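To start, the structure itself, in structure tokens.
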Amino acid sequence: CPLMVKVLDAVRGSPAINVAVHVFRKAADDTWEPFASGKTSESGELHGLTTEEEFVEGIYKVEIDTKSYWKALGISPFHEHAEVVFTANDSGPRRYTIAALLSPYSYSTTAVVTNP
Amino acid sequence: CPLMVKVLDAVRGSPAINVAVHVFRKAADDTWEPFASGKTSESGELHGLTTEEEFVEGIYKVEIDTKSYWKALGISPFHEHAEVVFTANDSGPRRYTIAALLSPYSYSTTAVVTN
Amino acid sequence: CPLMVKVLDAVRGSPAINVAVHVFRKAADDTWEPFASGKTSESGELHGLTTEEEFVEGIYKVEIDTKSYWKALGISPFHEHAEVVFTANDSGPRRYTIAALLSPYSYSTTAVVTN
Amino acid sequence: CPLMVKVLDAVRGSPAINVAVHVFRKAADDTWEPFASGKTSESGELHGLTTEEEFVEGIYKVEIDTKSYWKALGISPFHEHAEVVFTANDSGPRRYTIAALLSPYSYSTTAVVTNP
Ligand SMILES: O=C(O)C1(c2ccc(-c3ccc(Cl)c(Cl)c3)c(F)c2)CC1
Ligand SMILES: O=C(O)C1(c2ccc(-c3ccc(Cl)c(Cl)c3)c(F)c2)CC1
Numbered sequence: 010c011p012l013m014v015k016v017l018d019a020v021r022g023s024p025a026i027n028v029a030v031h032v033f034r035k036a037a038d039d040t041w042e043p044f045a046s047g048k049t050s051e052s053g054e055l056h057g058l059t060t061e062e063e064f065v066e067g068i069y070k071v072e073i074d075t076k077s078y079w080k081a082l083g084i085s086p087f088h089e090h091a092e093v094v095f096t097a098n099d100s101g102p103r104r105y106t107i108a109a110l111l112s113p114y115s116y117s118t119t120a121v122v123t124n125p
Numbered sequence: 010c011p012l013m014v015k016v017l018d019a020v021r022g023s024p025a026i027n028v029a030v031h032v033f034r035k036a037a038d039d040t041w042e043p044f045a046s047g048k049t050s051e052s053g054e055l056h057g058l059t060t061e062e063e064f065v066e067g068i069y070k071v072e073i074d075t076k077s078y079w080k081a082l083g084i085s086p087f088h089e090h091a092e093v094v095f096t097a098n099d100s101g102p103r104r105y106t107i108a109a110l111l112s113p114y115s116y117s118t119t120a121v122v123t124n
Numbered sequence: 010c011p012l013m014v015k016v017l018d019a020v021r022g023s024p025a026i027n028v029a030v031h032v033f034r035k036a037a038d039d040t041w042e043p044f045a046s047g048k049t050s051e052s053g054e055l056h057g058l059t060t061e062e063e064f065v066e067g068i069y070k071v072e073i074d075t076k077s078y079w080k081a082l083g084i085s086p087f088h089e090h091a092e093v094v095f096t097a098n099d100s101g102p103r104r105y106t107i108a109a110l111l112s113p114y115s116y117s118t119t120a121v122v123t124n
Numbered sequence: 010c011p012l013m014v015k016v017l018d019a020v021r022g023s024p025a026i027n028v029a030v031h032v033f034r035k036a037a038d039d040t041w042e043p044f045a046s047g048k049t050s051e052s053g054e055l056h057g058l059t060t061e062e063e064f065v066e067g068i069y070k071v072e073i074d075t076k077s078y079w080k081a082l083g084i085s086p087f088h089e090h091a092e093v094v095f096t097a098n099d100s101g102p103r104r105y106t107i108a109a110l111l112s113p114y115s116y117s118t119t120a121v122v123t124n125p
């Protein structure tokens, strides 16, 4: 699992469950090509997005669908989504965890990058 | 001044000075069209991006060029840029401040929407 | 104005208005002695806490009464208060802004220390 | 494990290893009585602070020793520590995770509170 996403809710004090996440990878022509997608579990974690083979060097965008998540809970939030855009694997394969904490009008994200 | 951007630096404990910020509006074909841009001041603020008449309802993206900011300070950064994407809705209050706190592997952003 | 406090609300997307803030200085016996206090303004800011002559080097605690703030809004909060504890050191720049972003189960704080 | 602490470093993109944490509990007389302490592991996590029996109702302060952590890495940070003060177990036993993300001049903390 070289790409994981963990999301917490700062209003409820809970994992953020059933949050949709789409990952895109910048293509040869400079567009955002769909790469992987999935949704957070009961623990707020999203595993199994990709594999070591498929997760090659590139510029990736991890879009966390915070508006969808908040609307589902009956709340009108500010942002459309939270975006995390970064170059990956440019020194060889790393494992990345993108952690996010969500409020209706704010989010924070950080990355944990490990070398297996 | 319906739209202001204010950026802080969590490593130096200072405003984030001379950071490029580009704002885009989402066009009818779902592409992002340039809307306004500038560099943050000594106080980490960017005023004067737009006028009331120009800032209509719509989806906007504020891209903050964090990677060049950290490289100019000799610090190795994780992100290509930071992006804040939101709907401007006239039912809400009328003045939008997008605020961001930058670290090399992290950022936080919040909106302050007032009258 | 060597010391300013600015507080934002991540749930409402607004300044955090009428929040009580107490500042303490650490005494020689390691107890916290009252130093300054006030309530944030409509803009979420608290100016005028102290003067240059009064604000000496030392360890300070800024306690932000978040629990009463969230209860007055009818929201159930996690924390008793938020606390920011730091050393004021004259070798650094001279003006300290403590900024905080509040949520019911979370808060972030950063320092902006400038000349 | 009803009380856990997880700490990330926003400068390195890593767990924050070997971070000291002291927990205090407000006593009958209104002082802060030492309750438990420990340090984060290689994963940035601190387990085994307390037990279900000992972690009773009360007002707790979790002090994360961020100044010590940064000084050990050769960095002069702003804060003495990060403090998380909250009432616990006042509706019966819950499990709490206090998550923190640290920068030299900033920190963020959130709580995840679960009902076993
Ligand atoms: O296993 C992890 O990585 C978990 C975690 C999830 C989120 C956070 C965290 C805590 C604070 C902030 Cl501001 C952000 Cl962006 C992320 C954290 F510190 C830890 C505990 C869920
Ligand atoms: O005028 C404002 O709004 C300023 C400001 C700029 C940024 C922040 C801020 C502080 C903490 C976090 Cl996590 C975030 Cl996203 C933003 C803040 F609280 C305040 C103080 C300069």
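Residue numbers (the entry's author numbering), protein chains in the order written: chain A, 10 to 125; chain B, 10 to 124; chain B', 10 to 124; chain A', 10 to 125. A prime marks a further copy of an entry chain.
Note that CB positions come from ideal geometry on N, CA and C, so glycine has one too.
**OP:** Give, in chain order, every unbroken run of the alpha helix (DSSP H) that is at least 4 residues long and sits entirely within the segment 54 to 91 of chain A'.
**Re:** Segments of the alpha helix (DSSP H) lying fully in the segment 54 to 91 of chain A': 75 to 81.
Original post:
Within the 9 Å Cβ cut-off, does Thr60/A' reach chain B'?
Top reply: So, not an interface residue.
Original post:
Whose C-beta lies closer than 8 Å to the C-beta of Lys80/A' among residues of the same chain, with five residues either side of it excluded?
Top reply: Within the same chain, Cβ atoms closer than 8 Å to the Cβ of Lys80/A' are found at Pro86, the five residues on either side in sequence being excluded.
**OP:** Report the three-state DSSP secondary structure of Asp99/A' (helix, strand or coil).
**Re:** Of the three classes helix, strand and coil, the one that applies to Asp99/A' here is strand, per DSSP.
**OP:** Report the residue from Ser52/B, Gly67/B and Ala97/B whose alpha carbon sits nearest the alpha carbon of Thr123/B.
**Re:** Comparing Cα-Cα distances from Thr123/B to each of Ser52/B, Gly67/B and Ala97/B, the minimum goes to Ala97/B.
Original post:
Helix, strand or coil for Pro43/A' per DSSP?
Top reply: The three-state reading of DSSP puts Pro43/A' in strand, counting E and B together.
Original post:
Taking the alpha-carbon positions, what's the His90/B' to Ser112/B' distance?
Top reply: Cα atoms of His90/B' and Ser112/B': separation of roughly 12 Å, rounded to the nearest angstrom.
Original post:
Anyone know if the C-beta pair for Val16/B' and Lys70/B' falls short of 9 Å?
Top reply: Using a Cβ distance threshold of 9 Å, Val16/B' and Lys70/B' do not count as a contacting pair.
Subject >> Through-space distance from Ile68/A' to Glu54/B', alpha-carbon basis >> reply: Rounded to the nearest whole angstrom, the CA to CA distance from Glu54/B' to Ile68/A' is 29 Å.
Original post:
Shorter than 9 Å from the beta carbon of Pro24/B' to some beta carbon of chain B?
Top reply: Chain B, which has a Cβ nearer than 9 Å to the Cβ of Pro24/B', makes this yes.
**OP:** Tell me, please, which residues DSSP counts as bridged to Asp38/A'.
**Re:** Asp38/A' pairs with nothing; no bridge assigned.
**OP:** Could you have a look at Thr49/A and say whether DSSP puts it in helix, strand or coil?
**Re:** The DSSP-derived three-state label of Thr49/A is coil.
Original post:
Can you tell me the Cα-Cα spacing of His88/B' and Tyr116/A', whole angstroms?
Top reply: Straight-line Cα distance between these residues: approximately 16 Å.
**OP:** Can you grab the Cα-Cα spacing for the pair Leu58/A' / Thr40/A, in whole Å?
**Re:** Spanning the alpha carbons of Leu58/A' and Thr40/A requires a straight line of approximately 49 Å.
**OP:** To the nearest angstrom, report how far apart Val65/B and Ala120/B are at their CA atoms.
**Re:** Distance between the alpha carbons of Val65/B and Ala120/B: 18 Å.
Original post:
Does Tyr114/A' have its Cβ less than 9 Å from a Cβ in chain B?
Top reply: At least one chain B Cβ lies under 9 Å of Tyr114/A'.
**OP:** Return the CA-CA distance between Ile26/A and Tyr78/A, expressed in angstroms with no decimal places.
**Re:** Approximately 8 Å, taken between the alpha carbons.
**OP:** Note down the Cα distance separating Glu92/B from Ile73/B, rounded to an integer number of angstroms.
**Re:** Rounded to the nearest angstrom, the two C-alpha atoms are 6 Å apart.
Original post:
Which residues share a DSSP beta bridge with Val32/A'?
Top reply: Paired residue(s): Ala45/A' and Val71/A'.
Original post:
Under a CB-based cut-off of 9 Å, is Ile68/B' close to chain A'?
Top reply: At least one chain A' Cβ lies under 9 Å of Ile68/B'.
Original post:
Alpha carbon to alpha carbon, how far is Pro24/B' from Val20/A'?
Top reply: Taking C-alpha positions only, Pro24/B' is separated from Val20/A' by approximately 28 Å.
Original post:
From which residue to which residue does the beta strand (DSSP E) around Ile107/B run?
Top reply: For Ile107/B, the enclosing beta strand (DSSP E) covers residues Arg104 to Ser112.
Original post:
In three-state terms, what does DSSP make of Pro11/A'?
Top reply: Coil.
Subject >> Contact set for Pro11/A': own chain, Cβ-Cβ below 6 Å, skip 5 residues either direction >> reply: For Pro11/A', the CB contacts under 6 Å within the same chain, skipping 5 residues up- and downstream, are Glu61, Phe64 and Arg104 in chain order.
Subject >> Selection from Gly47/A, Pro125/A and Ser46/A that minimises the alpha carbon distance to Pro102/A >> reply: Measuring C-alpha to C-alpha distances from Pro102/A to each of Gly47/A, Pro125/A and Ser46/A identifies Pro125/A as the nearest.
**OP:** From the DSSP output, read off the bridge partner residues of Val121/A'.
**Re:** Beta-bridge pairing links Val121/A' to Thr106/A'.
Original post:
What's the C-alpha gap between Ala45/A' and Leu82/B'?
Top reply: Looking at the two C-alpha atoms, the distance is approximately 34 Å.
Original post:
By a C-beta neighbour count over all protein chains shown, 10 Å radius and 16 as the cutoff for buried, is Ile84/A buried or exposed?
Top reply: With fewer than 16 Cβ atoms within 10 Å of its Cβ, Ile84/A is classed as exposed.
Original post:
Hey, does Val94/B have any beta-carbon neighbour from chain B' nearer than 9 Å?
Top reply: Output row for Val94/B: interface = no.
Subject >> Any non-hydrogen atom of ligand 2 within 8 Å of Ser115/A CB >> reply: The answer is yes for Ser115/A.
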